[PDB]
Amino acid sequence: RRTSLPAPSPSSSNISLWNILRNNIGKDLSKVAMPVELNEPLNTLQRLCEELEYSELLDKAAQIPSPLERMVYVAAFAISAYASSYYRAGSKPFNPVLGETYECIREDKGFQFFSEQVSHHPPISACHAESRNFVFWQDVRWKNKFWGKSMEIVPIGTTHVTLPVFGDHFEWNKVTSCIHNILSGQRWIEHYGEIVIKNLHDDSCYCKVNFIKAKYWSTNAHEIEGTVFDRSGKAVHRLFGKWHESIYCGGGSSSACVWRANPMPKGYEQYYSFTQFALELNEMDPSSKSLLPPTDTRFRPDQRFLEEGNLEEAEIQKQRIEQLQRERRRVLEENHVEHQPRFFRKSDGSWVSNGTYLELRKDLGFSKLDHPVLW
């Protein structure tokens, strides 16, 4: 897999953000159009993919007789979702096209990941991933707004992981993020709220993780404080460390480093500050190009022509795609059509896999009236 990118990143063309944001101080940024040079060659379905860069934590979890330690490893997996945002604090990803998909099949870590863009008004992304040790799925929409100085990220939705060999159902919240000084010199991100991890199927244990807010320069910057309590509210295991750096079991008589962020690629800054994991998800190999629907994001031109350094071709493709989506919003609006997304179905207000993607790839070369062209 390719540890480079066929062009370098725009180091900055963020004068644009100045007028575009201080002219939108309360507005849902999903509703505000922006020049493509402010994007990054990834989208929100792949950014949900990122949440499994450390999936192997789960690969250890279900392999432990102790429930509480399984919780501990889960809490580590949960926090690790935020680690990638330390270096990529600002940049917005591509808003997925309605109906778009993304597929990543990793034999390496042994999971199969698929994702679809299921609604555009509002923007909802649905992801499902299958592994022998866990199934990981969720459903999110972002309420991003820019106040005077800092930019807010508000994920809405919950995250579900099950461990079969133990029948474990872990469910926890996403949490808020202010990016302070997103226009000023040093963008520093900060996470707000409490993550609560519940086992639905196990009453024994529940986990609370808190983000310590501290002045940017404190020695407690980016600190976390976690506990795994029993039913009675008494503390069992404590987690400590920093959410971009390292997490630890223990804290008392003994301790262990349960998680460590991978190190960044060599001179990562010149390629949008991606993790190695990130550089590997809009990279397209020869053998897979004959196995996936034409709605996978690697096909998306403006994305690829930005990965390529062609600002003009990207800016062109992008307006083409967007006005096409207006036309089809309107085409199924006049036919009073409630669009239904392809391999996710809505239940109780969550988009879960209907159970069709993996097996509809199971047989080679699905060219079976590949449902609408998007580019």
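Residue positions are given as counts along the sequence shown, with the first one as 1.
A summary of the deposited B-factors shows that, of 289-297 and 199-207, the stretch with the larger mean C-alpha value is 289-297. For the pair 234-242 and 109-117, the mean Cα B-factor is higher in 109-117.
Per the deposited record, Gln323 carries the highest C-alpha B-factor of all listed residues (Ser55, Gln46, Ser30, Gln323). You'll see in the entry that, of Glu51, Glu313, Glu40, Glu69, the Cα B factor peaks at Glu313.
In the deposited entry, the Cα temperature factor of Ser84 places it in the lowest third of its chain's modelled residues. The deposited CA B-factor of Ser91 belongs to the middle third of values across its chain.
Ranked against the other modelled residues of its chain, the C-alpha B-factor of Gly26 as given in the entry falls in the lowest third. Among all modelled residues in its chain, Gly252 ranks in the highest third by Cα B-factor. When all modelled residues of the chain are sorted by CA temperature factor, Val175 is found within the lowest third.
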